[PDB]
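Undergrad:
4 protein chains.
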Amino acid sequence: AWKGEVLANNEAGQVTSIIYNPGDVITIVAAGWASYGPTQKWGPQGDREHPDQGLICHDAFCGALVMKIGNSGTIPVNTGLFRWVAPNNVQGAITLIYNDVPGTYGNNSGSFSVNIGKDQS
Amino acid sequence: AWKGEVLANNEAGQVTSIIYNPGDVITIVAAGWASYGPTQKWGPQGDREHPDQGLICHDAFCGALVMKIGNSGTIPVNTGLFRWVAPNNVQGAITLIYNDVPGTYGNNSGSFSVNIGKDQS
Amino acid sequence: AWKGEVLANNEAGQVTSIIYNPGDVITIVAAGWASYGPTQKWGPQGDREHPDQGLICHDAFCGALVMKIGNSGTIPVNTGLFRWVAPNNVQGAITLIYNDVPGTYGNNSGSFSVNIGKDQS
Amino acid sequence: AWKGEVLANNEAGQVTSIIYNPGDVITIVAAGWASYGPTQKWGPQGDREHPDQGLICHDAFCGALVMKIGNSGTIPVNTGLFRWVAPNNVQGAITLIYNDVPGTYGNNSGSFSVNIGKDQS
Ligand SMILES: [Ca+2]
Ligand SMILES: [Ca+2]
Ligand SMILES: [Ca+2]
Ligand SMILES: [Ca+2]
Ligand SMILES: [Cl-]
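Residue numbers (the deposited numbering), protein chains in the order written: chain B, 1 to 121; chain A, 1 to 121; chain D, 1 to 121; chain C, 1 to 121.
So, in structure tokens, the structure goes:
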């Protein structure tokens, strides 16, 4: 299992110790407060009112927690994933990333606390 | 495991099929958008700027997801719990509740989607 | 989880720290060598060739590993149970017992080593 | 998870669908009756009284259940493995095999029923 934090200002994301293998079932729980720039802060589902101006993940709100598995496209995580199995052919290290517009991460603040574990399978 | 919705305007909360027994380890993941009155909506951690005017749970923000286990007092859930063990002397059905001031649930809206499972022990 | 031993000569069995509750999923793995009297020893499935002369459990061979859950009747364990849910409405402490005829345990020898855990559910 | 049978006469062993990956925790439960030649049958621990005459696994009895994980040497399984991590960083597909002397499998009979699952990690 992996426990840590995902900084909002980290454009490269956080490479975890979890290697998703075919057949794996995972659970993720995410908490905390972060911002894409404004003085306000949002939780891991991000800001529902904010327009998409070129986000790395178009299926999640700006300020949401998202992930990649190996070299996959981004997959929304939000508050977490419960006993989740990935799409076929998706495998490798899980990287967690804050959802913002490329090149605009420098003014972000805060972080999400995240736990990931493999479940029974 | 249980999957269901908790409505924000439901002052009695949503009883689940999960009975928490001594020694149990549980995982909860919660998602969605709800409000305690205003046109704005918040996720399961609720509204970090809102003052506590007599909430059912003082250790969570207004509009947060909380729970009771049997006849316990309220316990914060927020976005969820990872491989969590209850305090001693707490046992019984898990009821999920939106955190608001008693008698003020009528103007709430939206809901949280919630998964609960028991883990290895 | 619980690890321990159950003696072939003990009519009372071995009370474990595992309390089986409704909906629990359990796994048991059992090993070792025991006898109900003969110089030969058998593993936890017991002696497939031996007639039932009034065994405490009629659904397992003589010299098998069996259990009770609370005040239940005996339930076969044999070499173990994989991700098992109790079929009956049973609840309570797991007691492990060697399957022999009451009052004939005096000539028994050996023991089974047993691990029990609760699985995800 | 995988459930299947391992025939005592199958010198090549039974390939499962489980790939053991780094960090995995597994549980195996095995049951049934088999023989390496004699009219008697034994369970998955094999025959504790039989000498080792060149068995594939010298750390398990003749007629025991054993396995290989990828290009590992043989590893004893017996009645099973409880929440087990593979030693010395071995990895790859799990193959289940009956423990007998090479070239003497032809007179073997019976089989073991085996469940394998991955546990929380
Ligand atoms: Ca920004
Ligand atoms: Ca309200
Ligand atoms: Ca006896
Ligand atoms: Ca043979
Ligand atoms: Cl005992």
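All C-beta atoms in this analysis are idealised placements derived from N, C-alpha and C, irrespective of residue type, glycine included.
(1) Taking only the alpha-carbon atoms, compute the straight-line gap between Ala60/C and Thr95/B and give it to the nearest angstrom.
(2) Among the residues of its own chain, which have a CB less than 8 angstroms from the CB of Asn89/D, if the five just before and after it don't count?
(3) Give the DSSP bridge partners of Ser109/D, in chain order.
(4) Ligand 1 and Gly110/B: does any heavy atom of the ligand fall closer than 7 angstroms to the residue's C-beta?
(5) Chain D beta carbons: is any one of them nearer than 8 angstroms to that of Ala31/C?
(6) Starting from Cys62/D, trace the beta strand (DSSP E) in both directions and tell me its first and last residue.
(7) Note down, in chain order, each residue of its chain lying with its Cβ closer than 8 angstroms to the Cβ of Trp84/A, except the 5 sequence neighbours on either side.
(8) Since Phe82/A meets chain B, which of its residues come closer than 8 angstroms, beta carbon to beta carbon?
(9) Identify whether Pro87/C lies in helix, strand or coil by the three-state DSSP scheme.
(10) When you compare only the Cα positions, how much space is there between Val6/C and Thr79/C?
(11) Mark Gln53/B as exposed unless 16 or more other C-beta atoms lie within 10 angstroms of its C-beta, in which case mark it buried.
(12) At the 8 angstroms Cβ level, is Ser121/A part of the contact set with chain D, yes or no?
(13) Against chain A, which members of the region 42-68 of chain B pass a CB distance test of less than 7 angstroms?
(14) Looking at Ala1/C: is its Cβ nearer than 8 angstroms to the Cβ of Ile116/C?
(15) Going by DSSP, which residues form a beta bridge with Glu11/A?
(16) How would you write the range of the beta strand (DSSP E) that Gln45/A sits in, first residue to last?
(17) Hey, does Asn21/D have any beta-carbon neighbour from chain A nearer than 8 angstroms?
(18) Could you tell me the alpha carbon to alpha carbon distance between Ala86/C and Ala93/C, rounded to whole angstroms?
(19) Can you pull the DSSP bridge partners for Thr27/C?
(20) Rounded to whole angstroms, what is the Cα-Cα separation between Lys118/B and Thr104/C?
(21) Given a limit of 9 angstroms on CB to CB distance, which residues of the region 77-104 of chain C reach chain D?
(22) Spell out the partners DSSP gives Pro76/B in its beta bridges.
(23) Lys3/D bridges to which residues according to DSSP?
(24) Pull up the distance between the alpha-carbon of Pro51/A and that of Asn99/A, whole angstroms please.
(25) Which residue wins for smallest C-alpha separation from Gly43/C, given the options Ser121/C, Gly110/C, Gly13/C?
(26) By the three-class DSSP mapping on this structure, what secondary structure does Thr104/C have?
(27) Tell me the DSSP bridge mates of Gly92/A?
(28) Taking the beta carbon of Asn108/B as the centre, do at least 16 other beta carbons fall within 10 Å, making it buried, or is it exposed?
(29) Am I right that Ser35/D and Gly4/D are in contact with their C-beta atoms under 8 angstroms? What's the rounded C-beta distance?
(30) For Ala34/C, decide whether its Cβ has a neighbour in chain B, counting only Cβ atoms nearer than 8 angstroms.
(31) Is there at least one non-hydrogen atom of ligand 1 closer than 7 angstroms to the beta-carbon of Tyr98/A?
(32) Report yes if the C-beta distance between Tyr20/B and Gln91/B is below 8 angstroms; otherwise report no.
(33) Ligand 1 and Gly46/B: does the residue's C-beta get closer than 7 angstroms to at least one heavy atom of that ligand?
(34) Tell whether a beta-carbon distance below 8 angstroms holds between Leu81/A and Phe112/A.
(35) I'd like to know whether the C-beta of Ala12/B is nearer than 8 angstroms to at least one C-beta of chain C.
TA: According to the structure shown:
(1) The sequence position of residue 60/C within the fourth sequence is 60, counting from 1. The sequence position of residue 95/B within the first sequence is 95, counting from 1. One C-alpha to the other measures close to 43 angstroms.
(2) Reading the third sequence from its first residue, position 89 is the one you call residue 89/D. Once the five neighbours on either side are set aside, the close Cβ partners of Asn89/D are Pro22.
(3) The count along the third sequence starts at 1 and reaches residue 109/D at position 109. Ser35/D, per the DSSP bridge assignment.
(4) As a first step, residue 110/B is located in the first sequence; it is residue number 110 there, counting from the start. Ligand 1 never approaches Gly110/B closely enough for any of its heavy atoms to be under 7 angstroms from the residue's Cβ.
(5) Locating residue 31/C in the fourth sequence gives position 31, counting from the first residue. Yes - at least one Cβ of chain D is within 8 angstroms of the one on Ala31/C.
(6) Numbered from its first residue, the third sequence carries residue 62/D at position 62. Per DSSP, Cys62/D lies in no beta strand (DSSP E) and is assigned neither H nor E.
(7) Here residue 84/A is taken as the residue at index 84 of the second sequence, counted from 1. Cβ neighbours of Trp84/A beyond the five flanking positions: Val25, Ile26, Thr27, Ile28.
(8) The count along the second sequence starts at 1 and reaches residue 82/A at position 82. By Cβ distance, chain B contributes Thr27, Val29, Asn115, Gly117.
(9) Sequence index remark: in the fourth sequence, residue 87/C carries index 87 (1-based). Helix.
(10) By 1-based counting over the fourth sequence, the position of residue 6/C is 6. By 1-based counting over the fourth sequence, the position of residue 79/C is 79. So the two alpha carbons sit approximately 13 angstroms from each other.
(11) Reading the first sequence from its first residue, position 53 is the one you call residue 53/B. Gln53/B comes out exposed.
(12) For the purposes of this step, residue 121/A is taken as residue 121 along the second sequence, with counting starting at 1. Yes, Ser121/A counts as interfacial toward chain D.
(13) Here the close residues are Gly43, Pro44, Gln45, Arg48.
(14) The count along the fourth sequence starts at 1 and reaches residue 1/C at position 1. The count along the fourth sequence starts at 1 and reaches residue 116/C at position 116. Yes, the Cβ-Cβ distance between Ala1/C and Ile116/C is below 8 angstroms.
(15) Position 11 of the second sequence, counting from 1, holds the residue named residue 11/A. Answer is none; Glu11/A lacks a bridge partner.
(16) Start at 1 with the first residue of the second sequence, and residue 45/A comes out as number 45. Where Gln45/A is concerned, the enclosing beta strand (DSSP E) stretches over 45-47.
(17) Start at 1 with the first residue of the third sequence, and residue 21/D comes out as number 21. Yes - at least one Cβ of chain A is within 8 angstroms of the one on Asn21/D.
(18) Here the question's residue 86/C lines up with position 86 in the fourth sequence. Here the question's residue 93/C lines up with position 93 in the fourth sequence. Computed Cα separation, rounded: 12 angstroms.
(19) Residue 27/C sits at position 27 when you count from the first residue of the fourth sequence. According to DSSP, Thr27/C shares a beta bridge with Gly117/C.
(20) Your numbering for residue 118/B matches position 118 in the first sequence. Your numbering for residue 104/C matches position 104 in the fourth sequence. Spanning the alpha carbons of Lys118/B and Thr104/C requires a straight line of approximately 42 angstroms.
(21) Look at the region 77-104 of chain C: the residues with a C-beta under 9 angstroms from a C-beta of chain D are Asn78, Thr79, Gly80, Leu81, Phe82, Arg83.
(22) Position 76 of the first sequence, counting from 1, holds the residue named residue 76/B. Paired residues: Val66/B.
(23) Here residue 3/D refers to the residue found at position 3 when the third sequence is read from its first residue. Looking at the DSSP assignment, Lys3/D forms a beta bridge with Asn115/D.
(24) In the second sequence, counting from the first residue as 1, residue 51/A sits at position 51. In the second sequence, counting from the first residue as 1, residue 99/A sits at position 99. CA-CA distance, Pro51/A to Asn99/A, rounds to 12 angstroms.
(25) Within the fourth sequence, residue 43/C is the residue found at index 43, counting from 1. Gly110/C is the residue among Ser121/C, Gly110/C, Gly13/C whose C-alpha sits nearest the C-alpha of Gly43/C.
(26) The count along the fourth sequence starts at 1 and reaches residue 104/C at position 104. Coil at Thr104/C, not helix or strand.
(27) Position 92 of the second sequence holds residue 92/A. Beta-bridge pairing links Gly92/A to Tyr20/A.
(28) On the first sequence, residue 108/B is found 108 positions in, with the first residue counted as 1. Taking all protein chains in view, the Cβ of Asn108/B is crowded by 16 or more other Cβ atoms within 10 Å, so the residue is classified as buried.
(29) The count along the third sequence starts at 1 and reaches residue 35/D at position 35. The count along the third sequence starts at 1 and reaches residue 4/D at position 4. Contact flag wrong, Cβ pair sits at about 20 angstroms.
(30) Position 34 of the fourth sequence holds residue 34/C. For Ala34/C, the answer is no, since every Cβ of chain B falls outside 8 angstroms of its Cβ.
(31) Within the second sequence, numbered from 1, the residue matching residue 98/A stands at position 98. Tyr98/A Cβ: outside cutoff for every heavy atom of ligand 1.
(32) Taking the first sequence and counting its residues from 1, one reaches residue 20/B at position 20. Taking the first sequence and counting its residues from 1, one reaches residue 91/B at position 91. Contact flag set, yes.
(33) For the purposes of this step, residue 46/B is taken as residue 46 along the first sequence, with counting starting at 1. Proximity of the beta carbon of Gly46/B to ligand 1 is not indicated: no heavy atom of the ligand is located closer than 7 angstroms.
(34) Numbered from 1 along the second sequence, position 81 holds the residue referred to as residue 81/A. Numbered from 1 along the second sequence, position 112 holds the residue referred to as residue 112/A. Contact flag unset, no.
(35) Your numbering for residue 12/B matches position 12 in the first sequence. False, the Cβ-Cβ gap to chain C never drops below 8 angstroms.
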